[PDB]
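**Student:** Below you'll find structure.csv; it's CSV, C-alpha atoms and all ligand atoms.
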chain,number,residue,atom,x,y,z
P,2,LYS,CA,-15.7,-1.8,9.3
P,3,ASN,CA,-12.7,0.3,8.2
P,4,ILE,CA,-13.4,4.0,7.7
P,5,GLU,CA,-12.2,3.8,4.1
P,6,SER,CA,-15.6,2.2,3.4
P,7,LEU,CA,-17.5,5.3,4.7
P,8,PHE,CA,-16.4,8.0,2.3
P,9,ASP,CA,-16.4,9.0,-1.3
P,10,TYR,CA,-13.1,10.4,-2.5
P,11,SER,CA,-12.3,13.1,-5.0
P,12,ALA,CA,-10.1,12.2,-7.9
P,13,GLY,CA,-7.2,13.9,-6.2
P,14,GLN,CA,-7.5,12.1,-2.9
P,15,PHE,CA,-8.0,8.7,-4.7
P,16,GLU,CA,-5.0,8.8,-7.1
P,17,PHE,CA,-2.8,10.3,-4.3
P,18,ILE,CA,-3.6,7.3,-2.1
P,19,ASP,CA,-3.0,5.2,-5.3
P,20,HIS,CA,0.3,7.0,-5.9
P,21,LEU,CA,1.5,6.4,-2.4
P,22,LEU,CA,1.0,2.7,-2.7
P,23,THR,CA,2.6,2.2,-6.1
P,24,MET,CA,5.5,4.4,-5.1
P,25,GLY,CA,6.1,2.3,-2.0
P,26,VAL,CA,6.2,-0.8,-4.2
P,27,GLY,CA,8.9,0.7,-6.4
P,28,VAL,CA,11.0,1.9,-3.5
P,29,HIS,CA,10.8,-1.5,-1.8
P,30,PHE,CA,11.7,-3.5,-4.9
P,31,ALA,CA,14.4,-1.0,-5.8
P,32,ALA,CA,16.0,-1.6,-2.4
P,33,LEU,CA,15.5,-5.3,-2.8
P,34,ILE,CA,18.0,-5.2,-5.6
P,35,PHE,CA,20.4,-3.2,-3.5
P,36,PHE,CA,20.1,-5.6,-0.5
P,37,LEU,CA,20.7,-8.5,-3.0
P,38,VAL,CA,23.8,-7.1,-4.6
P,39,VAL,CA,25.7,-6.0,-1.5
P,40,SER,CA,25.2,-9.3,0.3
P,41,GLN,CA,28.4,-10.6,-1.2
P,42,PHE,CA,30.3,-7.9,0.6
P,43,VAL,CA,29.1,-9.2,4.0
P,44,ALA,CA,30.9,-11.8,6.0
P,45,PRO,CA,29.1,-15.2,6.4
P,46,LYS,CA,28.3,-14.2,10.0
P,47,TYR,CA,26.2,-11.1,9.3
P,48,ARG,CA,25.1,-12.2,5.8
P,49,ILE,CA,21.7,-13.3,7.0
P,50,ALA,CA,21.0,-9.8,8.2
P,51,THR,CA,20.9,-8.6,4.6
P,52,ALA,CA,18.9,-11.5,3.4
P,53,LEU,CA,16.3,-10.7,6.0
P,54,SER,CA,16.2,-7.1,4.6
P,55,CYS,CA,15.6,-8.7,1.2
P,56,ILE,CA,12.7,-10.7,2.7
P,57,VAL,CA,11.0,-7.7,4.3
P,58,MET,CA,11.4,-5.7,1.1
P,59,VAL,CA,9.5,-8.3,-0.9
P,60,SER,CA,7.0,-9.0,2.0
P,61,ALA,CA,6.1,-5.3,2.1
P,62,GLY,CA,6.2,-4.7,-1.7
P,63,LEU,CA,3.8,-7.6,-2.3
P,64,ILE,CA,1.2,-6.2,0.2
P,65,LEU,CA,1.6,-2.6,-1.0
P,66,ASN,CA,1.1,-3.8,-4.6
P,67,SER,CA,-1.9,-5.8,-3.3
P,68,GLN,CA,-3.4,-2.8,-1.5
P,69,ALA,CA,-3.0,-0.8,-4.7
P,70,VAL,CA,-4.9,-3.2,-7.0
P,71,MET,CA,-7.6,-3.7,-4.4
P,72,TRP,CA,-7.8,0.0,-4.0
P,73,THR,CA,-8.5,0.4,-7.8
P,74,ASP,CA,-10.9,-2.6,-7.8
P,75,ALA,CA,-13.1,-1.4,-5.0
P,76,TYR,CA,-13.8,2.1,-6.2
P,77,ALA,CA,-15.3,3.6,-9.4
P,78,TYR,CA,-15.3,7.3,-10.6
P,79,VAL,CA,-19.0,8.0,-10.7
P,80,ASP,CA,-20.5,11.5,-10.9
P,81,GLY,CA,-17.4,13.4,-10.1
P,82,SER,CA,-16.1,11.1,-7.3
P,83,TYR,CA,-14.7,7.6,-6.7
P,84,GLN,CA,-17.4,5.6,-4.9
P,85,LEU,CA,-17.1,2.2,-3.2
P,86,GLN,CA,-18.3,-0.5,-5.6
P,87,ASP,CA,-17.4,-3.9,-3.9
P,88,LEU,CA,-15.7,-4.5,-0.6
P,89,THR,CA,-12.2,-5.6,-1.3
P,90,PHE,CA,-10.0,-3.1,0.5
P,91,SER,CA,-9.0,-3.2,4.2
P,92,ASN,CA,-6.0,-2.3,6.4
P,93,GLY,CA,-6.2,-5.8,7.9
P,94,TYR,CA,-3.7,-7.1,5.3
P,95,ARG,CA,-1.2,-4.6,6.6
P,96,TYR,CA,-1.3,-6.3,10.0
P,97,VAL,CA,-0.6,-9.6,8.4
P,98,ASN,CA,2.7,-8.4,6.9
P,99,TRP,CA,3.7,-6.9,10.2
P,100,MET,CA,3.5,-10.4,11.8
P,101,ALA,CA,6.2,-11.5,9.3
P,102,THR,CA,8.3,-8.4,8.7
P,103,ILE,CA,8.6,-7.3,12.4
P,104,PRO,CA,10.3,-10.6,13.4
P,105,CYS,CA,12.6,-10.3,10.4
P,106,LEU,CA,13.4,-6.6,11.3
P,107,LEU,CA,13.9,-7.7,14.9
P,108,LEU,CA,16.0,-10.8,14.1
P,109,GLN,CA,18.5,-8.8,11.9
P,110,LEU,CA,19.0,-6.4,14.8
P,111,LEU,CA,20.1,-9.1,17.2
P,112,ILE,CA,22.4,-10.6,14.5
P,113,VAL,CA,24.5,-7.4,14.1
P,114,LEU,CA,24.5,-7.2,17.9
P,115,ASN,CA,26.7,-10.3,17.9
P,116,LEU,CA,24.2,-12.3,20.0
P,117,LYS,CA,24.4,-16.0,19.4
P,118,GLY,CA,23.5,-19.4,20.9
P,119,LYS,CA,21.1,-19.6,23.8
P,120,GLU,CA,20.7,-15.8,24.0
P,121,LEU,CA,19.8,-15.4,20.3
P,122,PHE,CA,17.1,-18.0,20.4
P,123,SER,CA,15.9,-16.8,23.8
P,124,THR,CA,15.8,-13.1,23.2
P,125,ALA,CA,14.2,-13.8,19.8
P,126,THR,CA,11.4,-15.8,21.3
P,127,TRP,CA,10.3,-13.2,23.8
P,128,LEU,CA,10.5,-10.3,21.3
P,129,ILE,CA,8.5,-12.1,18.6
P,130,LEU,CA,5.9,-13.2,21.2
P,131,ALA,CA,5.7,-9.6,22.4
P,132,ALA,CA,5.5,-8.4,18.8
P,133,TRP,CA,2.8,-10.9,17.8
P,134,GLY,CA,0.8,-10.0,20.9
P,135,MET,CA,1.1,-6.3,19.9
P,136,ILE,CA,0.0,-6.9,16.3
P,137,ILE,CA,-2.8,-9.3,17.2
P,138,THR,CA,-4.3,-7.1,19.9
P,139,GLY,CA,-3.9,-4.2,17.5
P,140,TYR,CA,-5.8,-6.1,14.7
P,141,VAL,CA,-8.7,-6.8,17.0
P,142,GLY,CA,-9.0,-3.1,17.8
P,143,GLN,CA,-9.0,-1.7,14.3
P,144,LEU,CA,-11.9,-4.1,13.6
P,145,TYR,CA,-14.0,-1.6,15.7
P,146,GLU,CA,-12.5,1.6,14.4
P,147,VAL,CA,-15.8,2.3,12.8
P,148,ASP,CA,-18.3,0.6,15.1
P,149,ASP,CA,-16.9,0.8,18.6
P,150,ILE,CA,-14.2,3.4,19.2
P,151,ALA,CA,-14.1,2.5,22.9
P,152,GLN,CA,-12.9,-1.0,22.0
P,153,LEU,CA,-10.3,0.6,19.7
P,154,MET,CA,-8.7,2.4,22.6
P,155,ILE,CA,-8.6,-0.4,25.1
P,156,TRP,CA,-7.2,-2.8,22.5
P,157,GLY,CA,-4.7,-0.2,21.5
P,158,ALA,CA,-3.9,0.2,25.2
P,159,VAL,CA,-3.2,-3.6,25.5
P,160,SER,CA,-1.2,-3.4,22.3
P,161,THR,CA,0.8,-0.6,23.8
P,162,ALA,CA,1.7,-2.6,26.9
P,163,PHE,CA,3.4,-5.1,24.5
P,164,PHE,CA,5.0,-2.4,22.5
P,165,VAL,CA,6.6,-0.8,25.6
P,166,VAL,CA,7.9,-4.1,27.0
P,167,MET,CA,9.3,-5.1,23.5
P,168,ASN,CA,11.1,-1.8,23.3
P,169,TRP,CA,12.5,-2.2,26.8
P,170,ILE,CA,13.9,-5.6,25.7
P,171,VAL,CA,15.5,-4.2,22.6
P,172,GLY,CA,16.9,-1.2,24.4
P,173,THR,CA,18.4,-3.3,27.2
P,174,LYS,CA,20.1,-5.7,24.7
P,175,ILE,CA,21.3,-2.7,22.7
P,176,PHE,CA,23.1,-0.9,25.5
P,177,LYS,CA,24.5,-4.0,27.2
P,178,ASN,CA,26.1,-5.4,24.0
P,179,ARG,CA,27.2,-2.5,21.9
P,180,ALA,CA,30.7,-2.6,23.6
P,181,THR,CA,31.2,-5.8,21.6
P,182,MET,CA,30.6,-4.3,18.2
P,183,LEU,CA,33.4,-3.5,15.8
P,184,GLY,CA,34.5,-0.7,13.5
P,185,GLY,CA,32.9,1.9,15.7
P,186,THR,CA,29.4,0.5,15.1
P,187,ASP,CA,28.8,0.8,18.9
P,188,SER,CA,27.9,4.4,18.1
P,189,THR,CA,25.8,3.6,15.0
P,190,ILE,CA,23.6,0.9,16.6
P,191,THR,CA,22.4,3.4,19.3
P,192,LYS,CA,21.1,5.7,16.6
P,193,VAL,CA,19.3,2.9,14.9
P,194,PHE,CA,17.4,2.2,18.1
P,195,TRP,CA,16.4,5.9,18.2
P,196,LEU,CA,15.3,5.6,14.6
P,197,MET,CA,13.3,2.6,15.7
P,198,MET,CA,11.6,4.4,18.5
P,199,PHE,CA,10.6,7.1,15.9
P,200,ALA,CA,9.4,5.1,12.9
P,201,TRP,CA,7.6,2.4,14.9
P,202,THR,CA,5.6,5.0,16.9
P,203,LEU,CA,4.0,6.4,13.7
P,204,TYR,CA,1.9,3.3,13.4
P,205,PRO,CA,-0.2,3.8,16.6
P,206,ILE,CA,-0.6,7.4,15.5
P,207,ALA,CA,-2.0,6.2,12.2
P,208,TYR,CA,-4.0,3.6,14.2
P,209,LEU,CA,-5.8,6.4,16.0
P,210,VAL,CA,-6.6,8.6,13.0
P,211,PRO,CA,-10.2,7.2,12.9
P,212,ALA,CA,-10.5,8.7,16.5
P,213,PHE,CA,-9.4,12.3,15.8
P,214,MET,CA,-9.7,12.6,12.0
P,215,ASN,CA,-12.7,10.6,10.9
P,216,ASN,CA,-13.2,11.7,7.2
P,217,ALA,CA,-11.6,11.5,3.8
P,218,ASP,CA,-8.5,13.5,4.6
P,219,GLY,CA,-7.9,11.3,7.6
P,220,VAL,CA,-7.8,8.3,5.3
P,221,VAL,CA,-5.3,10.1,3.2
P,222,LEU,CA,-3.2,11.1,6.2
P,223,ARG,CA,-3.2,7.5,7.5
P,224,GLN,CA,-1.8,6.2,4.2
P,225,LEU,CA,0.8,9.1,4.3
P,226,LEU,CA,1.7,8.1,7.9
P,227,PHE,CA,1.9,4.5,6.9
P,228,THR,CA,4.1,5.3,3.9
P,229,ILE,CA,6.5,7.5,6.0
P,230,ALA,CA,6.6,4.9,8.8
P,231,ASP,CA,7.0,2.1,6.3
P,232,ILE,CA,10.1,3.5,4.5
P,233,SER,CA,11.8,4.3,7.8
P,234,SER,CA,11.1,1.1,9.6
P,235,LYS,CA,12.0,-1.2,6.7
P,236,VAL,CA,14.1,0.7,4.0
P,237,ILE,CA,16.2,3.2,5.9
P,238,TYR,CA,16.3,0.8,8.8
P,239,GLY,CA,17.5,-2.0,6.6
P,240,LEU,CA,20.0,0.4,5.1
P,241,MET,CA,21.4,1.3,8.6
P,242,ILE,CA,21.6,-2.5,9.4
P,243,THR,CA,23.5,-3.3,6.2
P,244,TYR,CA,26.1,-0.6,6.9
P,245,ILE,CA,26.7,-2.1,10.3
P,246,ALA,CA,26.9,-5.5,8.9
P,247,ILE,CA,29.5,-4.3,6.3
P,248,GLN,CA,31.5,-2.3,8.8
P,249,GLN,CA,31.8,-5.2,11.2
P,250,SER,CA,32.7,-7.5,8.4
P,251,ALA,CA,35.6,-5.2,7.5
P,252,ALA,CA,36.9,-4.8,11.1
P,253,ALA,CA,36.7,-8.6,11.4
P,254,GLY,CA,38.9,-9.1,8.3
P,255,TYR,CA,36.5,-9.9,5.4
P,256,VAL,CA,38.2,-8.7,2.3
P,257,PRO,CA,35.1,-8.2,0.1
P,258,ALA,CA,33.8,-5.8,2.7
P,259,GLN,CA,37.2,-4.2,3.2
Z,301,LIG,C1,6.4,-2.5,9.0
Z,301,LIG,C2,7.1,-2.5,10.3
Z,301,LIG,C3,6.6,-2.4,11.5
Z,301,LIG,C4,7.6,-2.4,12.7
Z,301,LIG,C5,5.2,-2.2,11.9
Z,301,LIG,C6,5.0,-1.9,13.2
Z,301,LIG,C7,3.8,-1.6,13.9
Z,301,LIG,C8,3.6,-1.2,15.1
Z,301,LIG,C9,4.8,-0.9,16.0
Z,301,LIG,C10,2.2,-1.0,15.6
Z,301,LIG,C11,1.9,-0.7,16.9
Z,301,LIG,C12,0.6,-0.5,17.4
Z,301,LIG,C13,0.5,-0.2,18.7
Z,301,LIG,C14,1.7,0.1,19.5
Z,301,LIG,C15,-0.8,0.1,19.4
Z,301,LIG,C16,-1.9,0.5,18.4
Z,301,LIG,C17,-2.0,-0.5,17.3
Z,301,LIG,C18,-0.7,-0.8,16.6
Z,301,LIG,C19,-0.7,-2.2,16.1
Z,301,LIG,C20,-0.7,0.1,15.4
Z,302,LIG,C1,17.1,-2.4,-11.6
Z,302,LIG,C2,15.8,-1.6,-11.6
Z,302,LIG,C3,14.9,-2.1,-10.4
Z,302,LIG,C4,13.4,-1.6,-10.6
Z,302,LIG,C5,12.8,-1.2,-9.2
Z,302,LIG,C6,11.4,-0.8,-9.4
Z,302,LIG,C7,10.5,-2.0,-9.5
Z,302,LIG,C8,9.0,-1.6,-9.5
Z,302,LIG,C9,8.2,-2.5,-10.3
Z,302,LIG,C10,6.8,-2.1,-10.7
Z,302,LIG,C11,6.1,-1.0,-10.0
Z,302,LIG,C12,4.7,-1.0,-10.4
Z,302,LIG,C13,3.8,-2.1,-9.7
Z,302,LIG,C14,2.5,-1.6,-9.3
Z,302,LIG,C15,1.4,-1.7,-10.4
Z,302,LIG,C16,0.3,-0.7,-10.3
Z,302,LIG,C17,-0.5,-0.9,-9.0
Z,302,LIG,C18,-2.0,-0.6,-9.3
Z,302,LIG,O1,-2.4,0.5,-9.3
Z,302,LIG,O2,-2.8,-1.6,-9.5
Z,303,LIG,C1,8.3,-19.6,17.5
Z,303,LIG,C2,8.8,-18.2,17.3
Z,303,LIG,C3,9.9,-17.8,18.4
Z,303,LIG,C4,11.1,-18.7,18.2
Z,303,LIG,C5,12.4,-17.9,18.2
Z,303,LIG,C6,13.0,-17.8,16.8
Z,303,LIG,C7,14.5,-18.0,16.9
Z,303,LIG,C8,15.2,-17.4,15.7
Z,303,LIG,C9,16.5,-18.1,15.5
Z,303,LIG,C10,17.2,-18.1,14.2
Z,303,LIG,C11,16.4,-18.1,12.9
Z,303,LIG,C12,17.1,-18.5,11.6
Z,303,LIG,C13,18.6,-18.5,11.6
Z,303,LIG,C14,19.2,-17.1,12.0
Z,303,LIG,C15,20.4,-17.2,13.0
Z,303,LIG,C16,21.7,-17.2,12.3
Z,303,LIG,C17,22.8,-17.9,13.1
Z,303,LIG,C18,24.2,-17.4,12.7
Z,303,LIG,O1,24.4,-16.9,11.6
Z,303,LIG,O2,25.1,-17.5,13.5
Z,304,LIG,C1,0.7,-19.8,15.3
Z,304,LIG,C2,1.2,-18.6,16.0
Z,304,LIG,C3,0.3,-17.4,15.7
Z,304,LIG,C4,0.4,-16.3,16.8
Z,304,LIG,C5,-0.3,-16.7,18.1
Z,304,LIG,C6,0.7,-16.9,19.2
Z,304,LIG,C7,1.1,-15.6,19.8
Z,304,LIG,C8,0.5,-15.4,21.2
Z,304,LIG,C9,0.5,-14.0,21.6
Z,304,LIG,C10,-0.3,-13.4,22.7
Z,304,LIG,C11,-1.7,-14.0,23.0
Z,304,LIG,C12,-2.8,-12.9,22.8
Z,304,LIG,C13,-4.0,-13.5,22.2
Z,304,LIG,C14,-5.3,-12.7,22.7
Z,304,LIG,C15,-6.3,-12.7,21.6
Z,304,LIG,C16,-7.6,-12.1,22.0
Z,304,LIG,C17,-8.5,-11.6,20.9
Z,304,LIG,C18,-9.6,-12.6,20.7
Z,304,LIG,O1,-9.4,-13.8,20.7
Z,304,LIG,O2,-10.8,-12.2,20.5
Z,305,CL,CL,3.4,-0.9,6.5
Represent the structure contained in this file as structure tokens.
Ligand SMILES: *C\C=C(C)/C=C/C=C(C)/C=C/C1=C(C)CCCC1(C)C
Ligand SMILES: CCCCCCCC/C=C\CCCCCCCC(=O)O
Ligand SMILES: CCCCCCCC/C=C\CCCCCCCC(=O)O
Ligand SMILES: CCCCCCCC/C=C\CCCCCCCC(=O)O
Ligand SMILES: [Cl-]

**Tutor:**
Amino acid sequence: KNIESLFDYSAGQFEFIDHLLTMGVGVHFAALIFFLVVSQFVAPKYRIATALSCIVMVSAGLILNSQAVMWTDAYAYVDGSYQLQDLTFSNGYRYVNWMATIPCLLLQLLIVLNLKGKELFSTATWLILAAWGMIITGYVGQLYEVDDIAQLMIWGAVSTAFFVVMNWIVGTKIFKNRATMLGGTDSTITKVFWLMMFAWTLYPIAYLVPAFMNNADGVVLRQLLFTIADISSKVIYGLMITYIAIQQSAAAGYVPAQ
């Protein structure tokens, strides 16, 4: 059902896909430590933002590690190529970590934006529902990336309607609330939004690889696209978020941050 099941892979394609997944594990658990240590230097207000970054690091690192073992459990090097043995690998388990990390990524954005009370719970409910609708409709489409490519596009179309609306809600809250942020972070948050528009858009590109590159090098490209998009949406993003949390904690008079 996923194009990965359709192809044999050379030794170089297979251990490259393997090396991308194990490397992502190391990067995510290496940033987990960093997000853990620096949390003390964040005021109680924004401290949850760094904990969320710790959550997504482990959430992603566990799925990447799981994708790696499954990758090496499903294929066997036979007669000069790694051939599918049993059916254990699938991208579907990437969509199940998005359901969890995306709300965490989104929640820590509203926290640094200094939203609170009725607006925090309200804005968070519409963003998560929009996200979940985006991920769910996207999961239904990739189920046909091999069988029905027409269903892939229309489900990706419905998923894009949610993606666009979600971005519009994030962008609107960003520009209407940055004047409240401290330490000059009103300039930094804008760039994070642009970083967001960039890293998040790589996923639909990877989602469409089966449509314009249906072969073994397309599977390699998709993982590469995932890896690049996955470090920028979670690691770099979480790094930009922590800096803002620290900076505002200093401007607000929190010594450990100062
Ligand atoms: C790991 C972090 C994130 C933010 C994953 C994000 C995924 C998307 C933004 C996926 C979007 C899709 C769209 C817009 C339409 C095609 C199907 C996708 C689910 C890949
Ligand atoms: C203070 C140092 C912090 C260390 C950060 C790096 C942590 C990485 C931990 C282990 C990475 C390897 C796990 C993946 C196992 C191989 C996957 C496989 O091919 O089956
Ligand atoms: C059912 C899913 C949609 C519901 C919306 C979720 C609302 C998220 C609200 C907060 C989650 C956990 C606490 C984080 C807020 C910190 C408050 C603070 O530090 O001032
Ligand atoms: C327990 C909460 C889990 C997430 C579900 C709630 C989020 C609702 C989001 C939008 C509804 C879109 C559902 C459409 C699914 C159609 C695909 C199908 O059923 O075949
Ligand atoms: Cl990912």

**Student:** What does the list of residues within 9 Å of ligand LIG 304 (chain Z) look like if you count only C-alpha atoms and all ligand atoms, written as a list in words?

**Tutor:**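 So, counting only C-alpha atoms and all ligand atoms, the residues near ligand LIG 304 (chain Z) are residues 100, 129, 130, 131, 132, 133, 134, 135, 136, 137, 138, 140 and 141 of chain P.
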
**Student:** Identify which of the residues P:49, P:71, P:198, P:252 lies closest to ligand LIG 302 (chain Z), counting all atoms listed in the file when measuring atom-to-atom distances.

**Tutor:** P:71

**Student:** Show me which residues line ligand LIG 303 (chain Z), defined as having an atom within 6 Å of a ligand atom where all atoms listed in the file count, and present them as a list in words.

**Tutor:**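 Going residue by residue within 6 Å of ligand LIG 303 (chain Z), we get residues 46, 122, 125, 126 and 129 of chain P.
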
**Student:** Between atom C8 of ligand LIG 301 (chain Z) and CA of residue 21 (chain P), measure the distance and give it in Å to one decimal.

**Tutor:**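 Atom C8 of ligand LIG 301 (chain Z) sits 19.2 Å away from CA of residue 21 (chain P).
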
**Student:** Please provide the set of residues having any atom within 12 Å of residue 157 (chain P), restricted to only C-alpha atoms, with same-chain residues fewer than 5 positions apart removed, written as a list in words.

**Tutor:**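 So the residues in contact are residues 134, 135, 136, 137, 138, 139, 140, 141, 142, 143, 144, 145, 146, 150, 151, 152, 162, 163, 164, 204, 205, 206, 207, 208, 209 and 212 of chain P.
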